[PDB]
*Asks:* 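Here's a structure for you.
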Amino acid sequence: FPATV
Amino acid sequence: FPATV
Amino acid sequence: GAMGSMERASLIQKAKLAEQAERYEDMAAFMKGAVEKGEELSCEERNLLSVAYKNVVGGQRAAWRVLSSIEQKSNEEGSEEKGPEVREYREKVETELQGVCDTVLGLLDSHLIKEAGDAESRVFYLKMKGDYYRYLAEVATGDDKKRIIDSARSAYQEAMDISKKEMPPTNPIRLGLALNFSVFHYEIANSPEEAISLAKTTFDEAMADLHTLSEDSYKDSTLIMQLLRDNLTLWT
Amino acid sequence: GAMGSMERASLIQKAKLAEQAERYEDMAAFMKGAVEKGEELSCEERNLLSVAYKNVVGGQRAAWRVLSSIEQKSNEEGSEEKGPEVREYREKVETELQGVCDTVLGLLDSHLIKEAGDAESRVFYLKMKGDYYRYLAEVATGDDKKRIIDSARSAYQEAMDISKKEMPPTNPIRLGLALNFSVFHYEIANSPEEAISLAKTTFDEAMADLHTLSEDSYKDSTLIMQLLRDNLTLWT
Ligand SMILES: *CC(=O)NCC1CCN(C(=O)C2(Nc3ccccc3)CCCCC2)CC1
Ligand SMILES: *CC(=O)NCC1CCN(C(=O)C2(Nc3ccccc3)CCCCC2)CC1
Ligand SMILES: [Mg+2]
Ligand SMILES: [Mg+2]
Ligand SMILES: [Mg+2]
Ligand SMILES: [Mg+2]
């Protein structure tokens, strides 16, 4: 799962 | 903190 | 109750799904619903009940300790007055914790314990009763603190008496009961010597009975024996 | 609202305590109360709001994915019929998730966005609007799925337009917006090339502006640049 902030 | 189950 | 319309089997199915999803509040609510159907719980179902509430109350206890530490620091000389908010929020968490404990104790009293005749079920429930009175004791400061402590002790003692008569010294329920009652002695009853003696004797009596066990039973028993050793190492 | 009687400053104080206690549901409820006082939020307060709801919805999304995977497996050839419970419980979690998203979107619409005139606040809120429509899109399957996706895209696009005009390419809000909009392209809009182009261009334009920064600003910007690189590595 990709990185988000 | 001691172990409990 | 909100679970009154759901089938027992569906509540148990959903408790297992909630566990896989790490949704422990949901898991506990499903298991409460299952208990309230009025039928006795199987071993697997008792374990679902305990895992659910252990995780919920465990999170509340951890939060309460964080907040209590902040509150204690606020009451030290030289700490600037920040108003009632820390106490209020610690009280909020505390009240929610007490509510969860009262819910569990209520399920045990109405009517899990009284219907539990086999040693494994009765000891399991009495251990839970001791554990949830112990959690109440951790946060108690009032007129009833001694009675709360004594309620935990009495439940643990009844469980110990049955376990010693009816179960082998390697039985995981017996071991976990002794582990927790030992912690009660150390952390709640101000009795570290009793805590240490109980952990040591329990470990040694289990050690002597391991030879009777299958590989899988050996694994189960030794896991909890290691927790006893871990506590003894912490305390000595 | 249940927080209507609590002082704004006390709600903010308690949000910070809830964060320290890892009580993110409480943190979010406190911050909702603070927003509903009607005053604009400071930078620190905007960050409390976002951290609280990110953690709550993050937990719901993780649970929803676990349940959705179980449900998908149940619908494979050769899987034994286990009844409606998996779908029901996935729906339960989904509905709670949608509720949290609707709550956040509601705070943004009433009235955080319209009062936000500075680039940093307006971009921050529009990014949040895109993020919570993106979470709705992750679980959408109906007549409105395209409109939900477009609502996320529109919010992100407005935020990108302001950020490019008003903020340096190293600004952490600009970087985090681009990171998330890139993920939107990859995961929601079926546009992996757009995702990759956006992440690359954002990284490279930030790299070129690092020389202008203090050590502390450099730390902040490079942390998010590394997340862009991490995604690019995942995707290429
Ligand atoms: C049939 C019945 O009532 N079963 C309970 C069993 C045995 C014990 N068990 C475990 O070994 C663990 N948890 C636990 C032990 C003792 C009392 C209460 C709980 C040991 C610690 C790690 C998790 C399992 C649970 C199942
Ligand atoms: C003044 C204002 O609105 N401040 C937001 C700031 C800057 C960005 N920031 C962070 O760098 C982290 N989170 C985040 C970045 C960008 C947008 C939204 C959130 C970066 C990721 C780790 C946590 C902080 C938050 C504070
Ligand atoms: Mg109290
Ligand atoms: Mg003795
Ligand atoms: Mg739905
Ligand atoms: Mg472009």
Side-chain angles (χ1 to χ4, degrees), chain A residues 5, chain C residues 67 81-93 96, chain D residues 1-58 60 95-136 148 151-152 154-163 165-167 171-174 176-177 180:
Chain A
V5 300
Chain C
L67 298 171
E81 178 62 40
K82 306 275 167 61
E85 295 83 355
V86 171
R87 174 185 55 73
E88 289 169 351
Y89 186 48
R90 185 270 301 156
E91 286 170 346
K92 180 192 170 82
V93 173
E96 288 186 17
Chain D
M3 302 302 171
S5 61
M6 205 185 308
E7 288 281 18
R8 191 185 188 280
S10 300
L11 288 163
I12 298 294
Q13 186 179 352
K14 292 177 183 180
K16 292 174 188 175
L17 295 170
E19 187 181 27
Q20 293 176 269
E22 296 180 77
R23 292 273 294 196
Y24 294 106
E25 181 174 47
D26 287 348
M27 192 187 178
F30 292 138
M31 290 310 301
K32 177 174 186 295
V35 167
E36 291 175 347
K37 299 303 178 184
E39 301 281 3
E40 296 185 34
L41 302 190
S42 70
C43 182
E44 183 175 3
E45 294 161 356
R46 292 190 292 274
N47 287 279
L48 292 170
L49 179 67
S50 67
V51 163
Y53 280 107
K54 174 179 171 64
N55 273 273
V56 170
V57 80
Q60 293 173 318
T95 298
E96 288 186 17
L97 185 160
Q98 288 170 325
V100 169
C101 293
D102 290 343
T103 293
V104 174
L105 293 166
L107 294 172
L108 295 171
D109 199 51
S110 304
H111 293 96
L112 289 168
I113 291 171
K114 67 175 63 58
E115 300 183 359
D118 291 356
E120 294 71 25
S121 58
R122 190 166 186 84
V123 172
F124 186 94
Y125 293 137
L126 287 166
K127 174 188 170 294
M128 287 190 49
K129 182 175 183 172
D131 288 336
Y132 285 84
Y133 275 114
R134 170 161 60 86
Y135 307 149
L136 291 174
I148 292 163
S151 287
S154 182
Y156 284 136
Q157 189 64 58
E158 186 180 347
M160 287 293 307
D161 292 344
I162 299 164
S163 74
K165 188 186 313 299
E166 302 296 339
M167 292 169 154
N171 176 277
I173 300 168
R174 178 166 169 183
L177 165 65
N180 291 16

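Proteins come first, then strands; the chains are lettered A, B, ... in the order of their sequence lines, and each starts at number 1.
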*Asks:* Could you pull out the closest heavy-atom pair between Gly117(D) and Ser121(D), with the gap in Å?
*Replies:*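 Smallest interatomic distance, heavy atoms only, reads N-OG, 4.0 Å.
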*Asks:* Going by heavy atoms in the side chains, are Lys14(D) and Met3(D) under 4.5 Å from each other?
*Replies:*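 Side-chain contact under 4.5 Å: no.
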*Asks:* Restricting to non-hydrogen atoms, name the atom on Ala34(D) and the atom on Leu11(D) that form the minimum distance, rounded to 0.1 Å.
*Replies:*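 The answer is N-CD1, 3.7 Å.
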*Asks:* Can you tell me how far the OG1 atom of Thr95(D) sits from the CD atom of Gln60(D), to the nearest 0.5 Å?
*Replies:*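 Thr95(D) OG1 to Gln60(D) CD: 10.5 Å, rounded to 0.5 Å.
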*Asks:* Taking salt bridge (charged side-chain N to carboxylate O under 4.0 Å, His left out) as the test, write out the residues that go with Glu22(D), two or more places apart.
*Replies:*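 Partners of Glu22(D) under the salt bridge (charged side-chain N to carboxylate O under 4.0 Å, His left out) test: none.
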*Asks:* Just so I know, are the side chains of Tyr135(D) and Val100(D) near enough to count as touching, which here means a heavy-atom distance under 4.5 Å?
*Replies:*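 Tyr135(D) vs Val100(D): side chains apart.
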*Asks:* Within this structure, what is the CG-CG distance for the pair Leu112(D) and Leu105(D), rounded to the nearest 0.5 Å?
*Replies:*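 If I round to the nearest 0.5 Å, the distance is 11.5 Å.
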*Asks:* Between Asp102(D) and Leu136(D), is there a side-chain heavy-atom distance shorter than 4.5 Å?
*Replies:*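 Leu136(D) vs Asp102(D): side chains touch.
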*Asks:* Closest approach of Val56(D) and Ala28(D), non-hydrogen atoms and distance?
*Replies:*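 Of all heavy-atom pairs spanning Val56(D) and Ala28(D), the closest is CG2-CB, 4.2 Å.
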*Asks:* I want to check something: taking the side chain as every heavy atom from C-beta on, are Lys129(D) and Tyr156(D) in contact at a cut-off of under 4.5 Å?
*Replies:*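 No - every pair of side-chain heavy atoms lies 4.5 Å or more apart.
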*Asks:* Under the criterion salt bridge (charged side-chain N to carboxylate O under 4.0 Å, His left out), I'd like the reasoning laid out for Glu85(C) against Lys16(D): C-alpha separation, chi angles, the key distance, then a yes or no.
*Replies:* CA-CA 11 Å; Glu85(C) 295 83 355; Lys16(D) 292 174 188 175; over 6 Å; no
*Asks:* Is it the case that more than 12 heavy atoms not belonging to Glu91(C) sit under 6.0 Å from its CD atom?
*Replies:*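 Enclosed.
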*Asks:* Tell me the closest heavy-atom pair linking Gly83(C) and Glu81(C), and the distance in Å.
*Replies:*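 Minimum heavy-atom contact is N-OE2, 3.1 Å.
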*Asks:* To the nearest 0.5 Å, what is the distance between CG (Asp26(D)) and CD (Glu96(C))?
*Replies:*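 If I round to the nearest 0.5 Å, the distance is 6.0 Å.
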*Asks:* Supply the atom-to-atom distance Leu17(D) CG to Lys82(C) NZ, rounded to the nearest 0.5 angstrom.
*Replies:*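 So the gap between those two atoms works out to 10.0 Å.
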*Asks:* Does any pair with a residue in residues 28-41 of chain D pass side chain to side chain donor-acceptor pair (under 3.5 Å), and if so which ones, sequence neighbours excluded?
*Replies:*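 Every pair satisfying side chain to side chain donor-acceptor pair (under 3.5 Å) with a residue in residues 28-41 of chain D: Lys32(D)-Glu36(D).
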*Asks:* Does any non-hydrogen side-chain atom of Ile12(D) lie less than 4.5 Å from one of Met31(D)?
*Replies:*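 A side-chain contact under 4.5 Å exists here.
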*Asks:* Set out, in order, the CA-CA distance, both residues' side-chain angles and the distance that settles side chain to side chain contact (heavy atoms under 4.5 Å, CB included) for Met128(D) and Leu49(D), then state yes or no.
*Replies:* CA-CA 10 Å; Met128(D) 287 190 49; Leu49(D) 179 67; 4.3 Å; yes
*Asks:* Do the side chains of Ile173(D) and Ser163(D) get nearer than 4.5 Å, heavy atoms only?
*Replies:*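 Side chain of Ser163(D) against side chain of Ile173(D), heavy atoms only: no contact under 4.5 Å found.
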*Asks:* Considering only heavy atoms from C-beta outward, does the side chain of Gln13(D) approach that of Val86(C) to under 4.5 Å?
*Replies:*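 The answer is yes; the side chains approach within 4.5 Å.
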*Asks:* Any salt bridge (charged side-chain N to carboxylate O under 4.0 Å, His left out) pairs touching residues 105-122 of chain D, not counting sequence neighbours?
*Replies:*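 Only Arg122(D)-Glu158(D) qualify under salt bridge (charged side-chain N to carboxylate O under 4.0 Å, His left out).
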*Asks:* Does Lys127(D) have any side chain to side chain donor-acceptor pair (under 3.5 Å) partners at least two apart in sequence or in another chain, and if so, which?
*Replies:*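 For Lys127(D) the side chain to side chain donor-acceptor pair (under 3.5 Å) partners, ignoring immediate neighbours, are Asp131(D).
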*Asks:* What residues form a ring-ring contact (aromatic ring centres under 6.0 Å, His included) with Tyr125(D), not counting sequence neighbours?
*Replies:*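 None.
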*Asks:* Do you know which two heavy atoms are closest between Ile162(D) and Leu126(D), and how far apart they sit?
*Replies:*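 That closest heavy-atom pairing would be CD1-CD1, 3.9 Å.
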*Asks:* Applying side chain to side chain contact (heavy atoms under 4.5 Å, CB included) to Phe30(D) and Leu48(D), what does each step give before you reach the verdict?
*Replies:* CA-CA 10 Å; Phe30(D) 292 138; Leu48(D) 292 170; over 6 Å; no
*Asks:* Within the 3.5 Å criterion, strictly below it, is a donor on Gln157(D) or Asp161(D) matched to an acceptor on the partner's side chain?
*Replies:*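 Side-chain D/A pair, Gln157(D) to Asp161(D): present.
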*Asks:* Please report the shortest heavy-atom distance between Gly130(D) and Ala152(D), naming the atom on each side.
*Replies:*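 Minimum heavy-atom contact is O-CB, 3.6 Å.
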*Asks:* Quick check: do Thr103(D) and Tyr53(D) have side-chain heavy atoms less than 4.5 Å from each other?
*Replies:*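 When only atoms from C-beta onward are counted, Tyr53(D) and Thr103(D) do touch, with a gap below 4.5 Å.
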*Asks:* Who are the ring-ring contact (aromatic ring centres under 6.0 Å, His included) partners of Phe124(D), not counting sequence neighbours?
*Replies:*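 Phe124(D) satisfies ring-ring contact (aromatic ring centres under 6.0 Å, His included) with no other residue.
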*Asks:* Sub-3.5 Å donor-acceptor pair from the side chain of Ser154(D) to the main-chain atoms of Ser151(D), do we have one?
*Replies:*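 Answer holds: no.
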*Asks:* Supply the atom-to-atom distance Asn55(D) CG to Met27(D) CE, rounded to the nearest 0.5 angstrom.
*Replies:*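 Result: 7.5 Å between the selected atoms.
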